[PDB]
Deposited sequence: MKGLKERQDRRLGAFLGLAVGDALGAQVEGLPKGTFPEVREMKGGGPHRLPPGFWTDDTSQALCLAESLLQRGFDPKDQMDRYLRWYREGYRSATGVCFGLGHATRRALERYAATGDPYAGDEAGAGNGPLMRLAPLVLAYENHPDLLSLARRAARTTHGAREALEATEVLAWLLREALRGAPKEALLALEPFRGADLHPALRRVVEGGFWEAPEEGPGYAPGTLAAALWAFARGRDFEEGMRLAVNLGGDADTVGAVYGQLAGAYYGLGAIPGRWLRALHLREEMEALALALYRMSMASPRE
């Protein structure tokens, strides 16, 4: 069904849409700037409208790696490194890998949201794998090693899988499998309802990023409304937007994402092809 493909395309393109939109106001304190509603580009990097950042770049790298050779963390890092060296915590991980050959180069200080911003591709291709959560943890470990970042990635992997399978918003927010689970205290507070309150800003800390995305998803009645709530929190807006985009994209579907946002999106067609290829792979 196109209905099923629509969810996978939505999750992938939603990630990029959130990255591009949020990038326009990243670094700005909440409530100090005009409400973001359109793909105008700009931000600290004077981005053209619809242009995303490293969040989506890493997602693309992971997607190509998966389609090229299944789950291969070594290949993932080869691609990240190559992407990194072609341009001018993660950089430390990439250099660690370059020097030692260890693909799981993340350290305990890496509690950032990097693993969350690029996740979608993994779930699209390995949605039905019995070890999906373990694969997600390994995919996070390549650049981040903090307990809360690894667990936050597992929670997002579960969320995406369930959304792709048609689980209702209430079930996704209930996070039943994680209730009472032995998680890092910060993440436990999120799973137990910390996300119902509006964040003071878009957090860069993994648990906080997930909480901000869940909050926007909980309050937004559709993809667009939730996306605007997410990015207007300011702070790490491109990444909070990217995480929200993945969840909301999988939940609402590509057809629910504002057409003008998709038409302005850089490499829209390339991503749609990748998303479809990954989905075919999961079957």
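The deposited sequence has C-alpha coordinates everywhere except the stretches 1-3, 92-103, 299-303.
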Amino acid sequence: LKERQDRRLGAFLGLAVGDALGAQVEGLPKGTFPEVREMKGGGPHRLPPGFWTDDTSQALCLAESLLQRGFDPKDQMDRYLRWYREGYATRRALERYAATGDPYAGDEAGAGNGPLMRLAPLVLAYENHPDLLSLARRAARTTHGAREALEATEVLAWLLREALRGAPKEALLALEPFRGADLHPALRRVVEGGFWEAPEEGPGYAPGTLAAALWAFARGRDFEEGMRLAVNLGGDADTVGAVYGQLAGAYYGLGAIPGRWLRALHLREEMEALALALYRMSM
From here on, numbers count along this sequence of modelled residues.
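Averaged over Cα atoms, the B-factor as recorded in the entry is higher for 35-43 than for the other of 235-243 and 35-43.
Of the two segments, 161-169 and 89-97, the one listed with the higher mean B-factor is 89-97 (C-alpha atoms only). Out of 189, 74, 137, 147, it is 74 whose C-alpha atom has the highest B-factor in the PDB entry. Highest CA B-factor among 208, 106, 115, 121, as stated in the entry: 106. When all modelled residues of the chain are sorted by CA temperature factor, residue 230 is found within the lowest third.
For residue 127, the recorded CA temperature factor ranks within the middle third of the chain's modelled residues.
Remark: residue 248 belongs to the lowest third of its chain, ranked by C-alpha B-factor as recorded. The entry lists a Cα temperature factor for residue 262 that places it in the highest third of the chain's modelled residues. Annotation for residue 195: CA B-factor lies in the lowest third of the chain's modelled residues.
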